[PDB]
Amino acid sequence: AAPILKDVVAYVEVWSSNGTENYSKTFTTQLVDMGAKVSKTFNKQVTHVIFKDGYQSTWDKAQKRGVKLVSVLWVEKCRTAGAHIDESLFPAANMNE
């Protein structure tokens, strides 16, 4: 238990593929448990977007703003490893890209 993600300002959009269930609160709690700040809005302070089947607007903005765009598996791997894992190993997916 350590604030290994203390430098992360995360914006989270993690949904079921069919867009009926929003799991963003789950992953927000896991990030905050690791010391991260999680912002409710995707503002200029955000350094990381954790993305699963989120809005296309979010996907485009993350790519165009050059933020770290990661899958949920990155959150699970930081937790189980207890370390800030390299985000380039966990690129997010978007089935419509």
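The first residue of the sequence shown is number 1, and the count goes up from there.
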Self-check item: Where the record places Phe42 (Cα B-factor, split into thirds across the chain)
Solution: highest
Quiz item: Which third, lowest, middle or highest, does the CA B-factor of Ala62 fall in along this chain?
Solution: middle
Exercise. Tell me, lowest, middle or highest third: where does the Cα B factor of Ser16 rank within its chain?
Key: lowest
Exercise. Taking the values exactly as deposited, rank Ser24 by C-alpha B-factor within its chain and report the matching third: lowest, middle or highest.
Key: middle
Exercise. Among all modelled residues of this chain, ranked by Cα B factor, put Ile85 in the bottom, middle or top third, i.e. lowest, middle or highest.
Key: highest
